[PDB]
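Chains as they are written, first to last, in PDB author numbering: chain E, 792 to 904; chain L, 439 to 621, 623 to 649, 653 to 682; chain P, 6 to 229; chain H, 6 to 225; chain F, 732 to 876; chain A, 2 to 93; chain S, 926 to 1022; chain G, 1017 to 1129; chain Y, 2 to 49; chain C, 679 to 734.
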Amino acid sequence: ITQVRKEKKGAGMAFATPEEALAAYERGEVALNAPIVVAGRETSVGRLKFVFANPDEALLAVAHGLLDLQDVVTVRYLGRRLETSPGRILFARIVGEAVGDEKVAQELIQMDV
Amino acid sequence: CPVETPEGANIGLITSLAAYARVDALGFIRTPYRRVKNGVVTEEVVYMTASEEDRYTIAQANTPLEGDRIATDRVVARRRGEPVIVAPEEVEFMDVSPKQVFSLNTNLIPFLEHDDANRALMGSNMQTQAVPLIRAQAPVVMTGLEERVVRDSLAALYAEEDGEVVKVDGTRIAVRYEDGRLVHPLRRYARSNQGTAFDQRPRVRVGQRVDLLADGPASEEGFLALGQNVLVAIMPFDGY
Amino acid sequence: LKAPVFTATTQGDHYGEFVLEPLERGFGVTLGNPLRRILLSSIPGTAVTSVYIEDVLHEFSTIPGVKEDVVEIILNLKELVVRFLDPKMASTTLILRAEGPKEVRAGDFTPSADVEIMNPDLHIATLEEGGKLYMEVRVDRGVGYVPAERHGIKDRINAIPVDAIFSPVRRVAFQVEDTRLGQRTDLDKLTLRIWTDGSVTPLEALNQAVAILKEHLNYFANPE
Amino acid sequence: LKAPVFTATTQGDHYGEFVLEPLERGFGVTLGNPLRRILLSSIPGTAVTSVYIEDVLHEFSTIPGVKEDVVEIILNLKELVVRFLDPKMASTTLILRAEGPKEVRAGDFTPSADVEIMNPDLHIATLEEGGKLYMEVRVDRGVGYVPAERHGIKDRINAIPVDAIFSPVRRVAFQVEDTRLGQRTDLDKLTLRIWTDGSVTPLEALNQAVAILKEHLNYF
Amino acid sequence: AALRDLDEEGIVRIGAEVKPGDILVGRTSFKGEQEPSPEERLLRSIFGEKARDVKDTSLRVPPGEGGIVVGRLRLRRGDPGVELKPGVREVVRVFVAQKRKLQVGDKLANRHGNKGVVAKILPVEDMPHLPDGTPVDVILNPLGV
Amino acid sequence: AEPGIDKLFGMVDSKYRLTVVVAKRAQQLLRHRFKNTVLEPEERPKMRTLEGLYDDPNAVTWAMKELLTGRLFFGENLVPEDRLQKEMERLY
Amino acid sequence: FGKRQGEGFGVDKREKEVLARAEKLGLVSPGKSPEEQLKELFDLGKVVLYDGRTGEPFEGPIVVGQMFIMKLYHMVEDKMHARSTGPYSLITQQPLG
Amino acid sequence: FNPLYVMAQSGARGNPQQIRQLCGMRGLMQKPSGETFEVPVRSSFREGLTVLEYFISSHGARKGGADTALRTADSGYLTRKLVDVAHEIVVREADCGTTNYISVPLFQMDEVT
Amino acid sequence: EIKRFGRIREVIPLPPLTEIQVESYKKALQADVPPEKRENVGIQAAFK
Amino acid sequence: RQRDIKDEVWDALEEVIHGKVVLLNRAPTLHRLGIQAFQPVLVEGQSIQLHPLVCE
C-alpha cells in the first residue's frame, strides 16, 4: 500500500473539474494522471476531518464501496492539505495511537519516497 | 548418479544409484544404458565416448527432423551433431528415458523441473521418513515409476499363475486355482524398526486376477502413496 | 420495503436454500456470515461415541472372517448418522449381529424405532465365511467435535472409544445478489444454503443459529 | 462460565472500551465484527449536506477577506455535529454571519433551539477586514456515508453539495486475545472500542447495533 | 487396585489400554541395597503394614505411552532355543501400541522442498470458505522458499 | 518491557547497579517482611485474574516500582552488613 | 461454474469487485461480462474465495487447489522433554539416566 | 502490485539475482573444477530443461552446499579461538587518561585507480 | 482416471531395481550352484 | 500417574507464572542474540511458540 496507483489513464484537462470530471468518470481517464489548474484527479473525494479524531471521511469511505484504498491518491486534512492516500494515513495512524500523537511520526516518517 | 540425494554432514559421501544403472557384469565398474535410435540398447560402460551422444529430446520416427540434435559429449554440449544419415545413431546418441539422470527416488517427484537442487534435496529425503498412513490417498500427480515401488519393495503381495481367489480375506488371504492350495497370511501389522508398524489390507472377493493383490503400508492399488493430498490455498492468515 | 420476503425451498432432509430479499447495502454479509459461523459449530447433533466388537480386544486388531478390520469398520461408522425422535433420549445403545457371506449395510443393524437411519448402505464391513460380527455401539447427542477423550465407558473393558462427530451440519456457504427492486440497485440479497442434514432438518438448523445468536447478543446489555 | 462478564469503561462522550471475557474458541470474532459493521452504517445520525456561500459561485474558489477558502471552510464543516431535539425534524437550514476581525467559531452560528451544537470552537474560518461570510447550510438526518450524490438542491444554483457523514460513529476496531480464566486457554476475549461520538453516547451505539441486528434476524 | 486390575500373574493382560506412570512388568528382586532406616522404622510400624525385603522395583511406563498392548512374550530359561545372556532368567517382552492422530507441529514438506510446521488448527468456522462450501483444509502461505 | 523501565536506567549510573538494587530490595521487601513496601495506598501493585485482586507472589516487580517512588537509597552506605538484621529485627 | 450457473445463480457481487482488481492489476483483460473474467482467472488462478472468520472476501485473486501434504517422522510428542531434580547420573555428576 | 516476485525483491523477502533465475535464463554456470561451460542453461523453469541443463547447472549448485555445510569443519572450530583471546576484557574504572589517539580515515584508496 | 503424459516409452526401467543385492549372493555366494563349475568371486574365491 | 488433574491446579500455576520470566535458548547458538528471555504464557497442546521477529 504505497507502490503508486498510476494505472495510466492518459492526460486530459478540465476547467477546474467541470469537464473531464463527470465525462471521464464514464470512460477513459480515471484517477491517475490528468492535470487541471495545478493538481490533477485528486479532486473527487475530499477527506475533511482534522487532527481531532483521525480523518473520518478517509477511513470511512474506504470501509464502504468508495475509496479503493491501497493508496489511490486522495486529499486529506490531517495537519495540512496533502495528497497522501488513506493507505499511508493508516500507517501514520497505527504508529500514532500506538506511542503518542502523530507529532513524532509526522516529522519522522517520509512521504516523498 | 543423481545430484540431489545427500544432506549435509556427509555430502557426496551419501547419494544413490540411477534407475537405468547397475546391469550386466556390474561386478566391475558401473554401466549405463544407451539406445541406438533403433530397437536395441547397448551397455558399453560409462567411459563411453563414441561419436558423442544425445539426450532424449525431440524425436521423429528414428530420424528426428530436428536438424540440431541436442548432443552432449564429455563436458560441454557442442550445439548438435546430426550425422545427417538414416543410420542408427551417433554410436549411442539416446538416453532412452529422462529417468536415467536422476535417481529412481527423484523421478518419483511430480513436476521435477521447476525447483533447485537444495530445495528438491530436502523434499527427496522426506520420502525416507514420510511415516506410512492407513489412508494413503496417493498424490494426484505421480509418475508411472511408482508402479514398481509397490512390488519391488515387496510392500504388498503378489499373484502366482492363474487366478480364482475365492478370498476369505480377514488376516489370511485365500488361495488361487492356479496350482495347489497355498494360503497367504498377512504380516498382521508386523513391526517396524522406527516405531511405525505397517499393515496390508486386501482387495478382492469371489474371484479375480489381473496382477495386484492386497496393498501394503502406505500404498493404494499398486500406487505408491506416501503422504496425503488435500486442497490447499496459498495466503497469509494473521501470522499463523 | 421494511419487511423483507424470507423465502425457503427445503428439499426434505438435505439442501434447503433460504433466501432473503430487501435489506440494506452493507447487511447482506452482516447477517449471513454470522449465521453460517454458528451452524458449523455449537449445534446439538448426534454421532457414534463408543463401540465393542466381540473376540477383538482393542482397535489394533482384526476381525476373523471379515474383509475389513477393526479400525476399518470403526472409521466407516463415524459417517453413520441417527435421529432421535424424542427429546427425552440421552443415548441409545445399538447392536449388530451380522451373519455370513453378505455386505452388512447400515439398515441391517437393530431395527429399533425412536431412532432412524438416514443413510442406507454405508459399507460398514463385508464378512464372509466368518459368521461373527457381534458389535455393540453407543450413540449420544453432543455438540461440536470431541475425539476419544470422553472414554466411552459402558462395557468397561474393550469398549474402544471412537471419535465423535455429533455435528449435523457440515459444509456451508452463501451468496449475495442484487436485483430486488425497491429503490436504487444498491440493495443486497441474502440467500444462505445449508448443504448438510446430519440429523436435523435444514430449517431447524437456521432457527437454531438465529436463536443461540440472540442468547449471546443479549449479554451486550448491562455493562460494569 | 456460561454467563460472561460484560464490562464497559466509557470515557464520557468519546472512546468507551467494551470488553467481554468468557466465550468459545471461534466466537470472539463471530460477534465482534458483525457489530462494528452496523455502527459504521445504519445509525440515526446527522451531518451537513449542502452549503451556499455568497459572492462565491462554486467550491474551488476563495472568499475575499477570509484567511481560509471555500473548500477549507467546507471541510471543517464536515466535522460539525448537531442534535435534533424533536423526532419530527426532517432537516434544518442554518445561517451564518459575524463581524470582521474574528475567528467565527461554531457557537457563533444561528442560535436556534430545536438543534444544539455539542462541539464548540470548531475553527470554521477566520475572516479579517472582509466583513462578509454569509453562508447558508442545510443539515439532515441520514444513515451511513453518502458523498456528493444527493445533489443538495435548495438554492438550486451555487448550493455546492458537501459530503455527508451523518453517522455519529466513525472509525471503529477491536481485537481478540486468548485467555484461560475458565478451562483451556483456547477461549477468546471480545473487547470492541468505538473511537467516535458523533452525537450519540458510545454505549447507545452498541445497544443500537445489537438491537437492529436482532430485528433483521427475526425476519426469519 | 491399579495392579490386580490390569496386571495379575505379573505381566499385563493383552489388549489392555495403559497410560504413562503404570506397571507393565513388576519384577521382584531380593536385592537389598538399603536396609531399614532409623526413623523410617516408625512410619513402617505405625500403619497396618510391616517391613519389606524386595522393594517395588518395576518397569514403570516411560515418559510417553498412551495406547494399548497387542501381545506379550515370555522368554525365560529352560529353553535351549533361545540364545540369551548367561545368568539371565525370564526375559519379558511386551509390545505397546498407540494411535497418533494429529496435534500441533510436525513437518509437512511435500515433494519439492516447501517444509513447515502446523501452527494452529482453527475448527471449521473460520478458514477461507469457497463460494460453494468446501472450506480450505490447508493454507500454504509463501515466504521461505 | 517493564512499566517505566527506561526511567530506571536514568537514575542508576550503570545498568548493572540497577539489577542489584532490584533484587537487594526484593530480598527485604517480601521475603524479609511483606510489610516493608513504601507502596501501600492505591499504588500497591496488584493482579486481576478470574478470582479477584491480589498481590503478585513475585517481588522482583515491586522493586522496579519501589525504586521509582523517589524513596529508598543505593550505593556505598553503612559498612556493617550485619546491621541489616538489626533494622529487620525491629520489623519482626 | 456450470453447477452454479445451473444451480440457480451466477456471478456474485463479492465475486464482482475482485475483478475490478485484476482489471487494473493487468491480470484479467477487460471486455465481456464477469463470466470470462472469472474464467481466465481460474486457468492461472482460482475463484474469488472468502474468509469464514472476518466476514468479507479477501480482496484480491487468491489461488486454490489440491497439491500434496505429507508428514515427516519427526513429530512433537516424542520430541519433547521436561524435568526437575529427578534426573541424576552419579559418577558423571550430571542429570542423566 | 500483480508481480510479487518484485514486491519482496525491492524490500521484503526476495533476491534480485533470484529473479533472473526464474523468468530469466541464468546458465552461465561453471564446470565443477573451474571453467564456465560452453552453452548456458535454458532455465525458464516453465519449460523443462533439456535434461542436460540441470545436470550441467548442478556442477555449480554443488559448491553452494558443501561450503556452507563445511562451515563446521574448520571455520566452526575457529570462533573458539576468538572467545579465548579476548576474555578478561571488561569495562571498568573511570577515566584513565591516555594521550596518543587514533585518527580514523574518512576516505580510503582504490587499488584500481 | 488415466491422463498419461508420457511420450515414447521404450524399454522399461531396469528391473527388479534391486539387482545389486541379487548380483551379490548369486555372483559371490555360489552356494546354490554345483561345485563342478563356478570360478571364484565370493566364497570359493577367498576360499582358494 | 497422569490422572489428568486439569482442575484448579492450572490456576495456582498462574500465580507462580506471574511476572516470572523464562530463558529460551536456540541451538546452535550464535552471537548475543542467541538466548534472550520472555514470559511463559501456557497455551494449548505442547508446541512452544514465540514472536516472529526473534527468529532473525
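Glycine included, C-beta positions come from ideal geometry on N, C-alpha and C.
Can you find a C-beta in chain S that's less than 8 Å from the C-beta of residue i?
{"i": "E848 of chain E", "result": "no"}
{"i": "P39 of chain H", "result": "yes"}
Can a CB atom of chain P be found closer than 8 Å to the CB of residue i?
{"i": "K219 of chain H", "result": "yes"}
{"i": "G836 of chain F", "result": "no"}
{"i": "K971 of chain S", "result": "no"}
Cα-Cα, which of the options is closest to residue i?
{"i": "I13 of chain Y", "options": "L:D533, L:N563, L:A593, L:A629", "result": "L:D533"}
{"i": "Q727 of chain C", "options": "F:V867, F:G844, F:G836, F:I870", "result": "F:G836"}
{"i": "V973 of chain S", "options": "S:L1021, S:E965, S:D1003, S:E984", "result": "S:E984"}
{"i": "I162 of chain P", "options": "F:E740, F:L853, F:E748", "result": "F:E748"}
{"i": "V819 of chain F", "options": "F:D810, F:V825, F:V827, F:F826", "result": "F:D810"}
{"i": "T1010 of chain S", "options": "S:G1022, S:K1004, S:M1000, S:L997", "result": "S:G1022"}
{"i": "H1006 of chain S", "options": "S:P1020, S:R946, S:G931", "result": "S:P1020"}
{"i": "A558 of chain L", "options": "L:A457, L:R468, L:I547, L:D506", "result": "L:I547"}
Just the chain S side, please: which residues come within less than 7 Å of residue i by C-beta, in chain order?
{"i": "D202 of chain P", "result": "Chain S residues near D202 of chain P: none, gap ~18 Å exceeds 7 Å."}
{"i": "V869 of chain F", "result": "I994"}
Which residues in chain E have a C-beta closer than 7 Å to the C-beta of residue i? List them in chain order.
{"i": "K949 of chain S", "result": "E798"}
Please check if any C-beta of chain H sits within less than 8 Å of the C-beta of residue i.
{"i": "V836 of chain E", "result": "yes"}
{"i": "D857 of chain F", "result": "yes"}
In chain E, which residues lie with their C-beta within 8 Å of the C-beta of residue i?
{"i": "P152 of chain H", "result": "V836, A852, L857"}
Would you give the residue range spanned by the alpha helix (DSSP H) that residue i belongs to?
{"i": "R26 of chain A", "result": "16-27"}
{"i": "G864 of chain F", "result": "First-last for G864 of chain F: undefined, no H or E at that position."}
Just to make sure I have the definition right: I need the residues of chain L whose C-beta is within less than 9 Å of the C-beta of residue i. Which are they?
{"i": "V827 of chain F", "result": "Ordered by position in chain L, no residue passes the 9 Å Cβ test against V827 of chain F, which lies about 10 Å from the chain."}
So, does the CB of residue i fall closer than 8 Å to a CB anywhere in chain L?
{"i": "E134 of chain P", "result": "yes"}
DSSP beta-bridge partners for residue i?
{"i": "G803 of chain E", "result": "The partner list for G803 of chain E (beta bridge, DSSP) is empty, contrary to what the question assumes."}
{"i": "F179 of chain H", "result": "H:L197"}
{"i": "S541 of chain L", "result": "L:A456"}
{"i": "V849 of chain F", "result": "F:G836"}
{"i": "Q670 of chain L", "result": "S:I994"}
For chain Y, check one thing: does any of its Cβ atoms lie closer than 8 Å to the Cβ of residue i?
{"i": "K475 of chain L", "result": "no"}
Is there a Cβ of chain F sitting closer than 8 Å to that of residue i, yes or no?
{"i": "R679 of chain C", "result": "yes"}
{"i": "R929 of chain S", "result": "yes"}
{"i": "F665 of chain L", "result": "no"}
If the cut is a Cβ gap below 8 Å, which residues of chain A does residue i touch?
{"i": "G697 of chain C", "result": "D57, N59, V61, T62"}
{"i": "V694 of chain C", "result": "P58"}
Considering residue i, what are the terminal residues of the beta strand (DSSP E) in which it resides?
{"i": "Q991 of chain S", "result": "989-991"}
{"i": "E141 of chain P", "result": "141-147"}
{"i": "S96 of chain H", "result": "96-101"}
Could you work out which residues of chain G lie near residue i, taking near to mean beta carbons separated by less than 8 Å?
{"i": "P502 of chain L", "result": "Neighbours of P502 of chain L on chain G: none; closest Cβ ~13 Å, over 8 Å."}
Who are the neighbours of residue i on chain F, taking C-beta pairs under 8 Å?
{"i": "residue 1055 of chain S", "result": "One cannot answer for residue 1055 of chain S here, as it falls past the ends of chain S, which runs 926 to 1022."}
Quick one: which chain F residues come within Cβ less than 9 Å of residue i?
{"i": "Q724 of chain C", "result": "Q834, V835, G836"}
{"i": "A178 of chain P", "result": "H860, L861, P862, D863, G864, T865, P866"}
Since residue i meets chain G, which of its residues come closer than 9 Å, beta carbon to beta carbon?
{"i": "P536 of chain L", "result": "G1064, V1067"}
Residues of chain C with CB closer than 9 Å to the CB of residue i, please, in chain order.
{"i": "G847 of chain F", "result": "Residues of chain C passing the Cβ test: none, with the nearest at roughly 13 Å."}
At a CB-CB cut-off below 8 Å, which residues of chain L make contact with residue i?
{"i": "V876 of chain F", "result": "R557"}
So residue i contacts chain Y; which residues on that side make the cut at Cβ distance below 8 Å?
{"i": "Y458 of chain L", "result": "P14, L15"}
To be precise: take each residue of the region 12-46 of chain Y, compare its Cβ to all Cβ atoms of chain B, and keep it if any distance is under 8 Å. Which residues remain? No chain B is part of this structure, whose protein chains are labelled E, L, P, H, F, A, S, G, Y and C.
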